[PDB]
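Same chain, two versions here, written out as structure tokens and called structure 1 and structure 2.
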Structure 1
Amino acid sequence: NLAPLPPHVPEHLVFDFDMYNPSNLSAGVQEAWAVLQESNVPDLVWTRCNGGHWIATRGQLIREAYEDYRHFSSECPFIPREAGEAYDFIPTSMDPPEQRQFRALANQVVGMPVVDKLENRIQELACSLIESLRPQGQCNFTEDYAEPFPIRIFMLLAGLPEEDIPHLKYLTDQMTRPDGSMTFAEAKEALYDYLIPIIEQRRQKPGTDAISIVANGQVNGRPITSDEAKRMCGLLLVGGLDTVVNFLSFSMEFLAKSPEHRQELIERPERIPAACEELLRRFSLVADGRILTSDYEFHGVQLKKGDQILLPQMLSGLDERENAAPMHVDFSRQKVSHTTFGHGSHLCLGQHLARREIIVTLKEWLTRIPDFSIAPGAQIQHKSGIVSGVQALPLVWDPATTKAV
């Protein structure tokens, strides 16, 4: 369905891109989105899909809009927008100055010191999962590793029972690549409903887990309230349970298709941190937006107050104006330019945990199962949304070529 074109939007700027089901999804999701950056396509277009909204196609515009919170606000309505409902996550649905006090507390639960503490449990789980798969000579990567690895580490961090995974995983899916069984407002409320009693419990009997830290936290010397804690934890669950999961499948799919890139990392393990960054650029997967606070002309385009604008984080690094041969994976790339973890006051606070999980995966995997391929005849399908992903990734390998550790 295409929403009627608003009177202020010029017809020459129309480009009906569907972020939840892009026209060329079969070429790969990043490729489908990259069609927006072609010379024939304007730097800023309006799509009538999903209620109608702007889409900044170039990294320069995407970066600029994320820096200007005064015009481009994070008090985001959904896409498609829902009547009387909008995002209220903390600190993600807030604009500075208000947003700032909340980042510190969030940073305290998923930040660097926390990642350092998790280090050995992270290494242990990756190794444990990979060793059990190794003798099989085959696996369904998405469900066998991509999902359990990051999710179990997060549940551990959050002090949540692993039995709650199917439920939470279903809900976070609805917040990124919804199948239509729930609205964003219902999915979000269910996440909140799950958290409420948990926050109360830990507020009274605190632990060292992420939920306890938020529940008993302080924002700028003031105690966070139950509701603010609920809204922060809700956001953390989405980030912690969904984002890395999908990214890992893009990376493993690529590696399974490029023996040359596998061998490179095998021979030069010191290049893994660099490979992680490069893969983060090439397989960037998030795309959310902002809302205009007033009538404003941006790069020759008249934007109206209340207009929604999607600023795809995934697009910046794929822009040939930012990186030469952007669709090519080059571990030795000199200046890996991207906005995969965001840009502006809302830079991803879980970026350190993400990188650590990717780097460990790459080392542990290539060290035990160095040679692997995609199952013969398999058609890998990608799904587009606020956080794009891989439907399934059947891999195969000869156990005789594996190294047991």
Structure 2
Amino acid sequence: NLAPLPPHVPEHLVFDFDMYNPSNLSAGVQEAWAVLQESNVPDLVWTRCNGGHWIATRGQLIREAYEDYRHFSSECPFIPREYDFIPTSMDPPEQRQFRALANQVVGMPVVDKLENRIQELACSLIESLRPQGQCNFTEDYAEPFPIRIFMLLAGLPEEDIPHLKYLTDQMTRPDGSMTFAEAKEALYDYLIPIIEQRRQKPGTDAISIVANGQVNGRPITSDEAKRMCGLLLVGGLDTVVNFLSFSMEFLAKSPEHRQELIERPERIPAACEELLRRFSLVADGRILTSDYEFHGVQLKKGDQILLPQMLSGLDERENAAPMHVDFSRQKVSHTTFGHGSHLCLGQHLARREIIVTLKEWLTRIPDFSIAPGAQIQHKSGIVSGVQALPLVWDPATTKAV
């Protein structure tokens, strides 16, 4: 599965890293990707895996490339080359209109509005789990929490959750029932009638807002609205599900860090930021719009380049002892939510989900562990993650509140 080396790529830059199967995976995903930052590895390498593509390995180049959309286009953001969500695949200027609209639905003011709804949802999930003394965290909290948040955001009935969870799962873990493109249309078929109706009788919900939106001085098309609404759903799922899982896996394994946040709950927002750095999980890419010499390396029009958001915060040049989790770091440097014009619109909503999760969980279930005998398995990709997270606790050490 190595693609033949293109003639413009010098051999000395070749490191065959497989973003879907890194060799050090059993050590943890972030550790597995950090091999790219060992001192014998150049700032910019070519891998022959996954069709062949560049990888920027250090924070400086990752940031620079994300800033320079004129050379590094979002028209093809996934490796391999072989997905019509908006605004993911748009560059400025087209991107800014759609981004402005989506910001109306998940922006800081909306997050401030839903804050206690978000807390009530977390409390309800946690309280239902608390007496069991155990859960499949990824299944029982990490997924229900953001999907329930979406149903609130989008004004959608609870009965639709199982079917919506299934459709979104088909894009990450397919059953074999249908192609990826079929899962997409199924989702769109769910969304179109809701969009069309709320054009006519708008609510205060995200679908209403997007549906009644304007681009190019005219009403948004149903095609545009469906592709945007689709991103608002999937965008806040896989990342959140997997990030909360990494964070809870770490806390389950580190009673000292649990204790710190229990004793000092005011450090939880700072803890959130440090977890976002240490357990960063996205690795998107760009495509070269033209021939371009970049830090002494000749890139060719059409080359793909993976720019792992994950790696900037792990780079020792950005944070000392980057593998060490320290909630009091004076400066937490990362690009966990990206960088440049596509920087996560959900960043404020995600931080609140994380903070609320940490606070409510540590309040009700302060002492918890990985299930005895369980070895946590991870997966690597565009959004890296946790396959499952079995947790246990003693319900006599918990409290309802």
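Numbers follow structure 1, counted from its first residue as 1. Think of the rigid core as the biggest set of C-alphas that the two forms share within 1.5 Å after superposition.
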Legend entry - Residue among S251, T176, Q313, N246 with C-alpha shift of 2 Å or more between the two structures, core superposed: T176
Legend entry - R222 C-alpha shift between the two structures of 2 Å or more, rigid core reference: yes
Inset, instruction - Inspect the rigid-core superposition and answer whether the C-alpha of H167 shifts by 2 angstroms or more between the two structures. - result: yes
Legend entry - Displaced residue check between the two structures: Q302, CA, 2 Å or over, core reference: no
Legend entry - Shift in Å of the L191 Cα between the two structures [rigid core superposition]: 4.1
Inset, instruction - Would you look up how far the C-alpha of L235 moves between the two structures when the rigid core is overlaid, in angstrom? - result: 2.1
